[PDB]
Each structure stands twice: as C-alpha cells, then as structure tokens.
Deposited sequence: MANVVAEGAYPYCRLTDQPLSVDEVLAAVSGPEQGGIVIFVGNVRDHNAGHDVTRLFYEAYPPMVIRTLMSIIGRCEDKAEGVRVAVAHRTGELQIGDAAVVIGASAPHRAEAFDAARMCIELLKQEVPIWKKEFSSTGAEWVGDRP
C-alpha cells in the first residue's frame, strides 16, 4: 500500500521520501506546505480524510507508468514553520514526478475536507 498518513505529530520528509524511492525512480518531487506568518488548528474526521487521500493517490499514480505517490497531512495545533502537508511523487523521469506532485496537492486542496481555526493567545 502507498504511504498515506493523517497525524497529530510533526510530518516526516524522510518517511515520504523513502516511500517513494526505488531503483527505477530517476525523478522525485517533494512538496512541503508550511504554515506562514496567533494560534492555528486543523480539525478533521480521519477516516474520511484518509479515504480521500487514498483516492487522490490512486488517481495520481494512474497518469503514467512507474509513478509512486505518498502523502502526509497534519492535524491539530500548528505553529509558524510547521509542515501542514508533505507530498512525494516519483517516476522514471522528472516530467512525470512533477506532474503527479502538482496534481496531488491541487486535488488535496480541492477535496480533503478540513476545518481551519485561527484565534489569538
């Protein structure tokens, strides 16, 4: 199965990178979505979100041969500098890894149902 995580813990670039690596993957694209410049919370129902993430991964891998996609999304409280999402896509060639990573994040942004809360301490 693909690497597909929804967690309250800091995301791992190492893990996403490893999930997507392999002898035949010449190109790897990794997207990191960081929190920019006050408290921030992500609230989600994990079963629904994870299912949605799996759907997205399947559609992205479907575009070209040898394409591997991994996704990690964070929930809970976040700080400036924290990764909210980490996406990895690999392919024999760089074009297909760029295509899959970009497709993955656009779909995620459009589809993953999430509540965003902002208040001030």
Missing residue ranges, deposited sequence indexing starting at 1: 1-9, 47-53, 138-147
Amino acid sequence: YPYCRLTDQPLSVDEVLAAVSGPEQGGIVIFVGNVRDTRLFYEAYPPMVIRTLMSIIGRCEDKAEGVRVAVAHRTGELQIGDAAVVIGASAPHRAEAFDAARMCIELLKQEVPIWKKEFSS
From here on, numbers count along this sequence of modelled residues.
Mean C-alpha temperature factor, higher of 58-66 and 82-90: 58-66
Third assignment of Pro46 from its chain's C-alpha B-factors: middle
Third assignment of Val71 from its chain's C-alpha B-factors: lowest
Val32 - which third its CA temperature factor falls in, relative to the rest of the chain: lowest
Chain-relative CA temperature factor third for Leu53: lowest
